[PDB]
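Undergrad: The structure that follows is given in the form of structure tokens.
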Amino acid sequence: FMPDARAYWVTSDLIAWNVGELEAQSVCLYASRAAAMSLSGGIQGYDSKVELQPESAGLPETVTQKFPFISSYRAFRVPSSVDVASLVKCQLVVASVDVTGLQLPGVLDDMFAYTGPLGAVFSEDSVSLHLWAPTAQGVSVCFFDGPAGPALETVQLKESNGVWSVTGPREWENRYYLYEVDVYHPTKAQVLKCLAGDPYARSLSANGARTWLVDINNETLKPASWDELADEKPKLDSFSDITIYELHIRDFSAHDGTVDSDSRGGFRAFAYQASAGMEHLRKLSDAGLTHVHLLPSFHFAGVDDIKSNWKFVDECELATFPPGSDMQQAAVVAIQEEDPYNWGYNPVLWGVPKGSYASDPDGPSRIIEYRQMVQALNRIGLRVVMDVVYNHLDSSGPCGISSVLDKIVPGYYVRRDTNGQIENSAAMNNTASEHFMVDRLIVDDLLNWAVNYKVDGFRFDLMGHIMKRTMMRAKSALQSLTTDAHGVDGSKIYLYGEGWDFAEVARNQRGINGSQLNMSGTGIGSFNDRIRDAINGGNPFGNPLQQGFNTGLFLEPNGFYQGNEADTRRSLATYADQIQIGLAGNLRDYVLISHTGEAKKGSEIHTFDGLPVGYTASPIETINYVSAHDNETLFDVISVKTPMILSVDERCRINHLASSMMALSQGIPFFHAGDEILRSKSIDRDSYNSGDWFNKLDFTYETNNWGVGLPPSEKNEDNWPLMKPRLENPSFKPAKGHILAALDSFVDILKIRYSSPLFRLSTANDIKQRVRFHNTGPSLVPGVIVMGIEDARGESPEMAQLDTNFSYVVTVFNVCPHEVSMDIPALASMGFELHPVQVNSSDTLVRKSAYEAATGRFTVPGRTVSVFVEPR
Ligand SMILES: OC[C@H]1O[C@H](O[C@H]2[C@H](O)[C@@H](O)[C@@H](SC[C@H]3O[C@H](O[C@H]4[C@H](O)[C@@H](O)[C@@H](O[C@H]5[C@H](O)[C@@H](O)[C@@H](O)O[C@@H]5CO)O[C@@H]4CO)[C@H](O)[C@@H](O)[C@@H]3O[C@H]3O[C@H](CO)[C@@H](O)[C@H](O)[C@H]3O)O[C@@H]2CO)[C@H](O)[C@@H](O)[C@@H]1O
Ligand SMILES: OC[C@H]1O[C@H](O[C@H]2[C@H](O)[C@@H](O)[C@@H](O[C@H]3[C@H](O)[C@@H](O)[C@@H](O[C@H]4[C@H](O)[C@@H](O)[C@@H](O)O[C@@H]4CO)O[C@@H]3CO)O[C@@H]2CO)[C@H](O)[C@@H](O)[C@@H]1O
Ligand SMILES: [Ca+2]
Ligand SMILES: [Cl-]
């Protein structure tokens with residue numbers, strides 16, 4: 001007997017099931033505590049049976065608002081005679097034959113939503129444990145002395161209102177434990193005794209095998225001066241001042257010879273202030289970088305915390321293989337499930353630092369070293385953003401070390417389809433943030449990282465899979481934290497995420513989800529894929545050779561057929577429109593003279609697919625990027641899409657153009673770690689499991705990791721024929737000189753952004769008043785964007801003076817492979833000069849940029865971004 005689950009128990013007194021009128025006249029509910037039911041004519045082996053009267057009114061508004069996708073279902077009234085608390089612990093089916101199980105989240109929230117303490121609570125004389133498990137038949141705690149010792153004692157918990165609790169003496173502190181949860185698992189149609197960690201865990205033994213009953217407030221877990229960290233944190237006057245650098249903790253130091261051997265790859269590496277890696281971050285910070293976004297750093301699956309199990313390729317041997325060989329990736333893939341490497345998008349327990357990144361995965365090191373990492377980054381002027389992954393779980397079901405949440409309350413923390421099968425669109429085991437205790441756990445976990453680890457912001461992985469209400473409740477709770485009450489200034493904590501809208505959450509089918517369009521007007525950032533794709537060309541899931549504004553479309557065709565010349569010219573101009581909307585903060589309401597000459601709002605310029613290009617209400621809602629850990633690195637995408645015959649010197653200028661478009665954009669610029677040093681993954685489009693070999697970040701600057709073999713076959717083999725000749729071509733590979741020059745130009749473009757408040761305007765109104773584009777319409781000069789930003793000038797101005805040094809800034813982005821002269825008669829007879837940073841540039845070419853007053857002519861060399869300022 002293995003029923004599906006097509007009916008929903010939505011409230012204490014209502015069941016929803018999509019049956020017909022006649023069928024609805026003979027519906028009954030059947031329960032068996034021992035899960036002993038079977039088919040006979042009817043159901044048999046039940047403890048109890050009760051008729052469900054059809055509720056002719058259907059489902060009430062609260063239900064249909066919470067579960068839109070079942071709003072048309074027939075409703076059935078559960079008699080007041082039923083002991084609901086008892087029944088939800090049983091095997092349940094409804095039947096009319098037609099027999100199916102019940103999806104319980106609605107009734108579980110209706111009856112057992114709980115706001116009291118969860119996890120471990122410490123007092124002077126006691127330790128208490130609290131677990132929400134309203135469907136469990138029994139819960140006990142198993143205690144162990146130590147991460148490896150035998151069970152010492154089992155203690156029964158007692159349930160009240162869905163929550164199991166027990167109180168013990170203070171000496172319980174620092175024991176290890178697991179819960180023994182007896183609960184009905186639908187996937188097995190059996191009541192099983194499951195051994196599970198604490199969802200509210202704050203530390204774990206290796207691999208989360210046991211929960212460590214640690215007091216997170218213990219003084220010995222604090223680095224020196226920890227409680228004073230708020231006072232040492234880098235000033236953040238406005239979210240408009242944010243720039244983001246996205247970095248993986250292992251990539252940072254795995255190859256860094258200036259870090260002690262035993263301390264490479266984890267949290268401790270950040271405590272080496274004089275290391276090549278930390279000096280690099282300090283250089284960026286000094287230039288103006290404000291935030292570092294760290295890839296997943298909580299307890300995820302896919303890397304063993306036990307370092308003695310780690311495997312490694314022979315790096316010396318692999319270095320001997322040809323640059324376009326498939327042998328390097330074969331060697332990497334052979335041990336990719338046993339190496340130290342994963343991006344970490346495989347959540348197990350959200351509230352605990354990843355053990356593999358700690359010096360010792362048992363005991364306190366993971367806590368103190370995480371704190372030391374945050375403190376170290378703050379002390380070089382960088383705020384710390386965590387990549388939080390609340391949209392799915394690594395594992396589900398009653399078995400195995402990697403399943404926790406779904407072991408304890410099966411079928412609740414995970415989203416399910418209308419047959420009761422778990423949804424997998426966000427990798428596997430999608431969560432259901434629409435459910436009250438899931439939403440609670442998400443917000444509680446955010447507050448844990450903000451308060452216990454003094455984390456400065458959060459990037460939400462697949463934010464479109466999270467309910468908007470969860471995002472907003474989190475935002476409010478975070479931003480209300482104060483230094484006086486909580487030790488952190490919550491008003492400075494910044495949130496942003498991936499607002500992709502797809503699969504079962506699209507069309508608001510599970511509620512209003514955290515999509516790009518739905519997050520407009522929330523002050524929560526989202527990744528601007530439109531500017532990304534317009535600059536680079538195509539899309540990460542389209543033909544890799546499709547060119548864009550900054551990869552030669554029309555101007556420098558690459559030989560891939562993309563239409564007639566008129567078609568490519570127009571497609572280039574269309575991409576320019578999309579980029580300019582993005583450069584002006586990707587706003588719904590910003591008015592641009594489009595390539596046809598027609599004035600259009602950002603929302604009226606549409607994606608090749610129908611939706612608004614510009615979708616935000618504020619520049620702080622826009623995360624502008626051309627690169628990230630996903631898909632090809634900036635250097636690799638440029639190497640794929642540009643004409644093969646371009647020199648690496650030319651491509652280095654193109655890299656600078658792309659990162660400069662980000663650095664000089666309104667909104668929040670986002671940089672992939674390595675943008676600044678030409679980082680390559682040898683064209684790996686999805687390097688999550690591609691090891692240190694393909695993910696090398698070389699802070700000696702001797703290499704960029706181009707030409708280290710064809711990348712792993714699973715994600716890349718279809719494109720190997722285009723990759724091979726490029727990887728094999730010595731003319732594609734940059735040398736140290738190119739890498740250092742890329743870093744110098746990146747530092748300078750950051751200095752330019754932070755030289756004028758005009759690049760970082762705080763509101764849509766300011767951008768609409770001040771930001772103008774000057775090369776527009778059908779007769780625009782292809783390959784050039786001219787962006788002016790006005791400040792108060794003359795006597796009696798109609799705007800505030802934002803900039804004490806400059807009254808006007810004009811930026812010309814010239815992607816043409818030749819000098820251009822852009823006449824802007826509107827800007828004639830003004831005091832423009834080349835920006836002092838560029839006058840003093842190590843790049844000889846940008847120094848040649850010039851302004852002629854009589855005509856308003858800005859002369860800009862090929863493949864160059866030139867910034868002109870009018871001094872006060
Ligand atoms: O014991 C079985 C098995 O366990 C292990 O592997 C399991 C794993 O535990 C399960 O959770 C799933 S994960 C399935 C998914 O994995 C890969 O996706 C990764 C992406 O490649 C990577 O880029 C990244 O993606 C994130 C991105 O960085 C981020 O910015 C954001 O955009 O979201 C993304 C997710 O948060 O991380 C992903 C997860 O690590 C793989 O490339 C995918 O193809 C794969 O998903 C697809 O296939 C599954 C079916 O398996 C479908 O459910 C999805 O809908 C598809 O899209 O499954 C793993 C394999 O079973 C152990 O590693 C393994 O050894 C063991 O056998
Ligand atoms: O989950 C498994 C997969 O995880 C990884 O995929 C990521 C991508 O790398 C990200 O880029 C992103 O994808 C977005 C994409 O960035 C965004 O532009 C949009 O793409 C649409 C596009 O708007 C539309 O016009 C059309 O062209 O199709 C495109 C693709 O559908 O939306 C994407 C998400 O749907 O996020 C995904 C994860 O969801 C990893 O790279 C993969 O290998 C892995 O399979
Ligand atoms: Ca791996
Ligand atoms: Cl070869």
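Within each chain, counting starts at residue 1; across the structure tokens, chains are named A, B, ... in the order shown, with ligands numbered 1 upward in that order.
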Residues within 7 Å of region 757-763 of chain A, please, as a list in words. Count only C-alpha atoms; anything in the same chain fewer than 3 positions from it doesn't count.
TA: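 Contacts, with the query itself left out: residues 240, 241, 618, 619, 664, 665, 666, 667, 753, 754, 766, 767, 789, 802 and 803 of chain A.
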Undergrad: Could you list the protein, DNA and RNA residues that have any atom within 7 Å of ligand 3, counting only C-alpha atoms and all ligand atoms, and write them as a list in words?
TA: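 Residues satisfying the distance criterion: residues 302, 303, 336, 337, 338, 339, 340, 341, 342, 689, 690 and 691 of chain A.
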Undergrad: Would you name the residues within 7 Å of ligand 1, counting only C-alpha atoms and all ligand atoms, and put them as a ChimeraX atom specification?
TA: /A:301-302,337,343-346,389,393-395,424-428,461-462,629-630,686-688
Undergrad: For those residues, write N, CA and C atoms to a file as a PDB file, in the first residue's frame.
TA:
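Output saved as again.pdb:
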```
ATOM      1  N   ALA A 301      26.242  19.655   1.726  1.00  0.00           N
ATOM      2  CA  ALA A 301      26.749  18.360   1.309  1.00  0.00           C
ATOM      3  C   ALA A 301      27.631  18.493   0.066  1.00  0.00           C
ATOM      4  N   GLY A 302      28.438  17.457  -0.189  1.00  0.00           N
ATOM      5  CA  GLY A 302      29.227  17.350  -1.415  1.00  0.00           C
ATOM      6  C   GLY A 302      30.723  17.525  -1.190  1.00  0.00           C
ATOM      7  N   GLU A 337      33.968  13.595  -6.740  1.00  0.00           N
ATOM      8  CA  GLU A 337      33.081  13.359  -5.591  1.00  0.00           C
ATOM      9  C   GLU A 337      33.845  13.141  -4.279  1.00  0.00           C
ATOM     10  N   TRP A 343      31.026  24.268  -4.945  1.00  0.00           N
ATOM     11  CA  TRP A 343      30.488  25.598  -4.673  1.00  0.00           C
ATOM     12  C   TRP A 343      29.646  25.617  -3.390  1.00  0.00           C
ATOM     13  N   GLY A 344      28.899  24.549  -3.127  1.00  0.00           N
ATOM     14  CA  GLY A 344      28.173  24.406  -1.876  1.00  0.00           C
ATOM     15  C   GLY A 344      26.665  24.650  -1.912  1.00  0.00           C
ATOM     16  N   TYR A 345      26.056  24.629  -3.100  1.00  0.00           N
ATOM     17  CA  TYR A 345      24.607  24.875  -3.237  1.00  0.00           C
ATOM     18  C   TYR A 345      23.757  23.615  -2.929  1.00  0.00           C
ATOM     19  N   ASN A 346      24.097  22.930  -1.838  1.00  0.00           N
ATOM     20  CA  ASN A 346      23.512  21.637  -1.435  1.00  0.00           C
ATOM     21  C   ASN A 346      23.174  21.655   0.063  1.00  0.00           C
ATOM     22  N   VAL A 389      20.999  29.925   0.745  1.00  0.00           N
ATOM     23  CA  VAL A 389      20.383  28.970  -0.177  1.00  0.00           C
ATOM     24  C   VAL A 389      19.167  28.345   0.509  1.00  0.00           C
ATOM     25  N   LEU A 393      16.817  21.750  -0.542  1.00  0.00           N
ATOM     26  CA  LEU A 393      17.660  20.931   0.331  1.00  0.00           C
ATOM     27  C   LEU A 393      18.446  19.919  -0.476  1.00  0.00           C
ATOM     28  N   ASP A 394      19.627  19.568   0.001  1.00  0.00           N
ATOM     29  CA  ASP A 394      20.408  18.526  -0.641  1.00  0.00           C
ATOM     30  C   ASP A 394      19.645  17.206  -0.751  1.00  0.00           C
ATOM     31  N   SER A 395      18.990  16.829   0.338  1.00  0.00           N
ATOM     32  CA  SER A 395      18.365  15.525   0.472  1.00  0.00           C
ATOM     33  C   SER A 395      17.033  15.620   1.188  1.00  0.00           C
ATOM     34  N   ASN A 424      11.404  19.572  -7.723  1.00  0.00           N
ATOM     35  CA  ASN A 424      12.864  19.557  -7.864  1.00  0.00           C
ATOM     36  C   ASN A 424      13.433  20.653  -8.765  1.00  0.00           C
ATOM     37  N   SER A 425      12.620  21.640  -9.144  1.00  0.00           N
ATOM     38  CA  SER A 425      13.066  22.661 -10.114  1.00  0.00           C
ATOM     39  C   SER A 425      14.280  23.495  -9.686  1.00  0.00           C
ATOM     40  N   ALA A 426      14.453  23.658  -8.375  1.00  0.00           N
ATOM     41  CA  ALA A 426      15.619  24.341  -7.816  1.00  0.00           C
ATOM     42  C   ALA A 426      16.639  23.301  -7.368  1.00  0.00           C
ATOM     43  N   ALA A 427      16.980  22.399  -8.280  1.00  0.00           N
ATOM     44  CA  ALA A 427      18.097  21.432  -8.151  1.00  0.00           C
ATOM     45  C   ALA A 427      17.491  20.101  -7.691  1.00  0.00           C
ATOM     46  N   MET A 428      16.877  20.116  -6.522  1.00  0.00           N
ATOM     47  CA  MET A 428      16.227  18.953  -5.929  1.00  0.00           C
ATOM     48  C   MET A 428      15.631  19.394  -4.607  1.00  0.00           C
ATOM     49  N   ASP A 461      20.099  33.018  -3.199  1.00  0.00           N
ATOM     50  CA  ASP A 461      20.050  32.027  -4.274  1.00  0.00           C
ATOM     51  C   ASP A 461      18.593  31.737  -4.608  1.00  0.00           C
ATOM     52  N   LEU A 462      18.272  31.731  -5.897  1.00  0.00           N
ATOM     53  CA  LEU A 462      16.915  31.450  -6.397  1.00  0.00           C
ATOM     54  C   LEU A 462      15.818  32.072  -5.520  1.00  0.00           C
ATOM     55  N   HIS A 629      29.863  33.531 -10.641  1.00  0.00           N
ATOM     56  CA  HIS A 629      30.399  32.180 -10.560  1.00  0.00           C
ATOM     57  C   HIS A 629      29.735  31.257 -11.594  1.00  0.00           C
ATOM     58  N   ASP A 630      28.435  31.448 -11.849  1.00  0.00           N
ATOM     59  CA  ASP A 630      27.744  30.687 -12.893  1.00  0.00           C
ATOM     60  C   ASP A 630      28.156  31.113 -14.289  1.00  0.00           C
ATOM     61  N   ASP A 686      30.154  25.715 -16.099  1.00  0.00           N
ATOM     62  CA  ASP A 686      29.519  25.400 -14.819  1.00  0.00           C
ATOM     63  C   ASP A 686      30.500  24.633 -13.952  1.00  0.00           C
ATOM     64  N   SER A 687      31.371  25.386 -13.286  1.00  0.00           N
ATOM     65  CA  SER A 687      32.546  24.804 -12.648  1.00  0.00           C
ATOM     66  C   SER A 687      32.330  24.348 -11.201  1.00  0.00           C
ATOM     67  N   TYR A 688      31.072  24.190 -10.787  1.00  0.00           N
ATOM     68  CA  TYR A 688      30.703  23.858  -9.408  1.00  0.00           C
ATOM     69  C   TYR A 688      31.409  22.659  -8.797  1.00  0.00           C
TER      70      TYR A 688
END
```
Undergrad: Find the residues of chain A that sit at most 9 Å from ligand 4; for each, write down the nearest two atoms and how far apart they are in Å, to one decimal. Count only C-alpha atoms and all ligand atoms. Sort by chain, then by number going up, and give it as CSV.
TA:
```
residue,atom,partner,partner_atom_place_in_ligand_line,distance
A:321,CA,ligand 4,1 (Cl),7.7
A:322,CA,ligand 4,1 (Cl),5.2
A:323,CA,ligand 4,1 (Cl),7.0
A:324,CA,ligand 4,1 (Cl),5.2
A:325,CA,ligand 4,1 (Cl),4.0
A:326,CA,ligand 4,1 (Cl),7.1
A:327,CA,ligand 4,1 (Cl),8.4
A:709,CA,ligand 4,1 (Cl),8.5
A:724,CA,ligand 4,1 (Cl),8.4
A:728,CA,ligand 4,1 (Cl),8.3
```
Undergrad: Please produce, as a tab-separated table, a per-residue contact table for chain A versus ligand 2 (criterion: any atom at most 10 Å away, only C-alpha atoms and all ligand atoms considered), showing the nearest atom pair and its distance in Å to one decimal, sorted by chain then residue number.
TA:
```
residue	atom	partner	partner_atom_place_in_ligand_line	distance
A:345	CA	ligand 2	4 (O)	9.4
A:424	CA	ligand 2	1 (O)	9.1
A:425	CA	ligand 2	1 (O)	7.0
A:426	CA	ligand 2	1 (O)	5.5
A:427	CA	ligand 2	1 (O)	4.7
A:428	CA	ligand 2	1 (O)	8.5
A:461	CA	ligand 2	36 (O)	8.8
A:462	CA	ligand 2	39 (O)	6.8
A:464	CA	ligand 2	39 (O)	9.5
A:465	CA	ligand 2	39 (O)	9.8
A:498	CA	ligand 2	36 (O)	7.6
A:499	CA	ligand 2	32 (O)	8.6
A:500	CA	ligand 2	32 (O)	5.3
A:501	CA	ligand 2	35 (O)	6.7
A:502	CA	ligand 2	35 (O)	5.9
A:503	CA	ligand 2	35 (O)	8.4
A:527	CA	ligand 2	16 (O)	8.5
A:528	CA	ligand 2	18 (O)	8.2
A:529	CA	ligand 2	18 (O)	4.9
A:530	CA	ligand 2	18 (O)	7.2
A:531	CA	ligand 2	18 (O)	9.9
A:532	CA	ligand 2	18 (O)	8.3
A:533	CA	ligand 2	18 (O)	7.5
A:538	CA	ligand 2	27 (O)	8.2
A:539	CA	ligand 2	27 (O)	6.2
A:540	CA	ligand 2	11 (O)	6.3
A:541	CA	ligand 2	30 (C)	5.8
A:542	CA	ligand 2	27 (O)	7.0
A:607	CA	ligand 2	25 (O)	7.0
A:608	CA	ligand 2	25 (O)	6.5
A:609	CA	ligand 2	25 (O)	5.7
A:610	CA	ligand 2	25 (O)	8.8
A:611	CA	ligand 2	25 (O)	9.1
A:627	CA	ligand 2	11 (O)	9.4
A:628	CA	ligand 2	11 (O)	8.5
A:629	CA	ligand 2	9 (O)	8.3
A:630	CA	ligand 2	9 (O)	4.5
A:631	CA	ligand 2	9 (O)	5.2
A:632	CA	ligand 2	9 (O)	9.0
A:685	CA	ligand 2	41 (O)	6.7
A:686	CA	ligand 2	41 (O)	5.1
A:687	CA	ligand 2	41 (O)	8.4
A:688	CA	ligand 2	40 (C)	8.3
A:714	CA	ligand 2	43 (O)	9.3
A:715	CA	ligand 2	43 (O)	6.5
A:716	CA	ligand 2	43 (O)	9.4
```
Undergrad: For residue 842 (chain A), list every protein, DNA or RNA residue within 12 Å, evaluated using only C-alpha atoms, and leave out those in the same chain fewer than 4 positions away; present the list as a list in words.
TA: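 So, after excluding close chain neighbours, the residues are residues 737, 740, 741, 742, 743, 744, 745, 746, 747, 748, 837, 838, 846 and 847 of chain A.
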Undergrad: I need the residues of region 515-577 of chain A that end up classed as strand (DSSP E) by DSSP on the backbone, written out as a compact mmCIF listing (two decimals) with N, CA, C and O atoms, in the first residue's frame.
TA:
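This is the output file result23.txt:
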```
# COMPACT_ATOMS: atom_id res chain seq x y z
N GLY A 525 17.72 44.06 -3.91
CA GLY A 525 18.34 43.98 -5.22
C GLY A 525 18.06 42.69 -5.95
O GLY A 525 17.82 41.64 -5.34
N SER A 526 18.12 42.76 -7.27
CA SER A 526 18.13 41.54 -8.08
C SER A 526 19.08 41.68 -9.26
O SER A 526 19.30 42.79 -9.78
N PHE A 527 19.64 40.55 -9.66
CA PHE A 527 20.59 40.49 -10.77
C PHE A 527 19.92 40.94 -12.06
O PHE A 527 18.86 40.43 -12.43
N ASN A 528 20.56 41.89 -12.74
CA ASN A 528 20.11 42.39 -14.01
C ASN A 528 20.72 41.58 -15.14
O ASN A 528 21.81 41.89 -15.65
```
Undergrad: For each of A:399, A:204, A:249, A:579, take the minimum atom-to-atom distance to residue 360 (chain A), counting only C-alpha atoms, then give the residue where this is smallest.
TA: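 For residue 360 (chain A), the nearest of the given residues is A:204.
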Undergrad: May I have the residues within 12 Å of residue 434 (chain A) as a PyMOL selection string, using only C-alpha atoms and disregarding those fewer than 3 positions away in the same chain?
TA: chain A and resi 63+65-68+105-106+109+390-391+412-416+430-431+437-442+465-471+505+508-514
Undergrad: Restricting it to N, CA, C and O atoms, dump the selection as a short mmCIF file (atom, residue, chain, number, x, y, z; two decimals), in the first residue's frame.
TA:
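Wrote part_31.cif, looks like this:
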```cif
data_model
loop_
_atom_site.label_atom_id
_atom_site.label_comp_id
_atom_site.auth_asym_id
_atom_site.auth_seq_id
_atom_site.Cartn_x
_atom_site.Cartn_y
_atom_site.Cartn_z
N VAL A 63 -7.45 30.21 2.47
CA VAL A 63 -6.87 29.01 1.89
C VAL A 63 -6.44 29.25 0.45
O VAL A 63 -5.34 28.87 0.06
N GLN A 65 -5.83 32.09 -1.06
CA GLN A 65 -4.70 33.02 -1.04
C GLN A 65 -3.37 32.31 -0.73
O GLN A 65 -2.34 32.60 -1.34
N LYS A 66 -3.41 31.37 0.22
CA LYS A 66 -2.20 30.66 0.61
C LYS A 66 -1.78 29.59 -0.39
O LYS A 66 -0.58 29.34 -0.56
N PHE A 67 -2.76 28.95 -1.02
CA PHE A 67 -2.50 27.85 -1.95
C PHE A 67 -3.27 28.12 -3.25
O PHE A 67 -4.27 27.45 -3.52
N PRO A 68 -2.82 29.10 -4.06
CA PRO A 68 -3.60 29.48 -5.25
C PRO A 68 -3.85 28.34 -6.23
O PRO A 68 -4.92 28.25 -6.86
N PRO A 105 0.53 20.30 5.15
CA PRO A 105 1.03 21.60 5.65
C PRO A 105 -0.02 22.62 6.10
O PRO A 105 0.19 23.30 7.11
N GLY A 106 -1.12 22.74 5.37
CA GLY A 106 -2.12 23.73 5.72
C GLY A 106 -2.63 23.56 7.14
O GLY A 106 -2.64 24.50 7.92
N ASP A 109 0.05 24.20 9.89
CA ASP A 109 0.20 25.64 10.20
C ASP A 109 -1.01 26.16 10.97
O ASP A 109 -0.89 26.89 11.95
N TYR A 390 18.08 29.12 0.57
CA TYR A 390 16.88 28.71 1.30
C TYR A 390 15.82 28.03 0.43
O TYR A 390 14.78 27.67 0.95
N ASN A 391 16.11 27.89 -0.86
CA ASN A 391 15.15 27.44 -1.84
C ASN A 391 15.10 25.94 -2.04
O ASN A 391 14.20 25.47 -2.70
N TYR A 412 6.72 18.56 4.66
CA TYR A 412 6.36 19.91 5.15
C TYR A 412 7.35 21.00 4.72
O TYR A 412 6.94 22.06 4.26
N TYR A 413 8.64 20.77 4.97
CA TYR A 413 9.65 21.79 4.64
C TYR A 413 9.90 21.86 3.13
O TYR A 413 10.42 22.85 2.63
N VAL A 414 9.52 20.79 2.43
CA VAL A 414 9.67 20.66 0.99
C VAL A 414 8.36 20.92 0.27
O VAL A 414 7.29 20.54 0.75
N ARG A 415 8.45 21.59 -0.88
CA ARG A 415 7.30 21.84 -1.75
C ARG A 415 6.99 20.58 -2.56
O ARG A 415 7.90 19.87 -3.00
N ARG A 416 5.70 20.31 -2.75
CA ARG A 416 5.25 19.11 -3.46
C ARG A 416 4.30 19.48 -4.60
O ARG A 416 3.66 20.54 -4.60
N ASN A 430 12.97 21.16 -3.48
CA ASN A 430 12.58 22.55 -3.30
C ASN A 430 11.94 22.72 -1.94
O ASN A 430 11.14 21.89 -1.51
N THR A 431 12.26 23.81 -1.25
CA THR A 431 11.58 24.13 -0.01
C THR A 431 10.25 24.83 -0.26
O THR A 431 9.97 25.30 -1.36
N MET A 437 6.40 27.56 9.31
CA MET A 437 7.62 27.22 10.06
C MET A 437 8.86 27.19 9.17
O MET A 437 9.99 27.25 9.65
N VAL A 438 8.65 27.09 7.86
CA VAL A 438 9.77 27.23 6.91
C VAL A 438 10.19 28.70 6.82
O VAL A 438 11.37 29.04 6.94
N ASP A 439 9.22 29.57 6.59
CA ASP A 439 9.41 31.00 6.68
C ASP A 439 10.09 31.38 8.01
O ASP A 439 11.05 32.15 8.01
N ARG A 440 9.62 30.81 9.12
CA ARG A 440 10.22 31.10 10.43
C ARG A 440 11.69 30.70 10.45
O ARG A 440 12.54 31.47 10.88
N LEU A 441 12.00 29.49 10.00
CA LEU A 441 13.37 29.00 10.02
C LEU A 441 14.30 29.87 9.16
O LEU A 441 15.44 30.15 9.55
N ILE A 442 13.82 30.30 8.00
CA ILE A 442 14.58 31.17 7.11
C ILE A 442 14.92 32.49 7.83
O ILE A 442 16.08 32.91 7.90
N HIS A 465 12.12 31.45 -5.96
CA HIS A 465 11.50 30.30 -5.29
C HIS A 465 11.10 30.55 -3.84
O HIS A 465 10.47 29.69 -3.20
N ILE A 466 11.40 31.76 -3.35
CA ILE A 466 11.06 32.17 -1.99
C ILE A 466 9.86 33.10 -2.05
O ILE A 466 9.75 33.90 -2.97
N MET A 467 8.96 32.99 -1.09
CA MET A 467 7.82 33.91 -1.06
C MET A 467 8.28 35.34 -0.81
O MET A 467 9.17 35.60 0.03
N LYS A 468 7.67 36.28 -1.52
CA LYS A 468 7.94 37.67 -1.28
C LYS A 468 7.67 38.02 0.19
O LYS A 468 8.45 38.79 0.79
N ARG A 469 6.62 37.48 0.78
CA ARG A 469 6.31 37.80 2.17
C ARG A 469 7.46 37.40 3.11
O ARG A 469 7.74 38.09 4.11
N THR A 470 8.13 36.29 2.79
CA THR A 470 9.30 35.85 3.57
C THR A 470 10.44 36.85 3.42
O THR A 470 11.08 37.25 4.42
N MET A 471 10.73 37.23 2.19
CA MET A 471 11.77 38.22 1.91
C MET A 471 11.53 39.51 2.68
O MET A 471 12.45 40.07 3.27
N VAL A 505 6.61 28.01 -9.47
CA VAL A 505 6.36 29.28 -8.80
C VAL A 505 6.01 30.41 -9.77
O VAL A 505 5.56 31.46 -9.34
N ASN A 508 2.87 33.42 -10.15
CA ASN A 508 2.48 33.47 -8.74
C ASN A 508 1.67 32.25 -8.28
O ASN A 508 0.81 32.37 -7.40
N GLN A 509 1.96 31.09 -8.85
CA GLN A 509 1.11 29.91 -8.62
C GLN A 509 1.14 29.38 -7.19
O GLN A 509 0.16 28.78 -6.74
N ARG A 510 2.22 29.63 -6.47
CA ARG A 510 2.33 29.24 -5.07
C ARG A 510 2.20 30.42 -4.12
O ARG A 510 2.38 30.26 -2.92
N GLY A 511 1.82 31.58 -4.67
CA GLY A 511 1.82 32.84 -3.95
C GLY A 511 2.72 33.82 -4.66
O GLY A 511 3.38 33.48 -5.63
N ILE A 512 2.74 35.06 -4.17
CA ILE A 512 3.62 36.08 -4.73
C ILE A 512 5.06 35.74 -4.38
O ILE A 512 5.48 35.82 -3.20
N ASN A 513 5.83 35.35 -5.39
CA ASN A 513 7.21 34.89 -5.19
C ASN A 513 8.22 36.00 -5.45
O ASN A 513 7.90 37.03 -6.02
N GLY A 514 9.46 35.76 -5.04
CA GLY A 514 10.51 36.77 -5.12
C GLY A 514 11.15 36.98 -6.49
O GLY A 514 12.38 37.06 -6.61
#
```
Undergrad: I'd like the contact shell of residue 822 (chain A) - 7 Å cut-off, only C-alpha atoms, skipping same-chain residues fewer than 5 positions apart - returned as number ranges by chain.
TA: A: 857-859
Undergrad: Let's have the selection written as a compact mmCIF listing (two decimals), in the first residue's frame, with C-alpha atoms.
TA:
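selection-v3.txt, written as the output of this step:
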```
# COMPACT_ATOMS: atom_id res chain seq x y z
CA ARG A 857 33.66 67.03 -29.45
CA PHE A 858 34.85 64.11 -27.31
CA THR A 859 37.62 62.18 -29.06
```
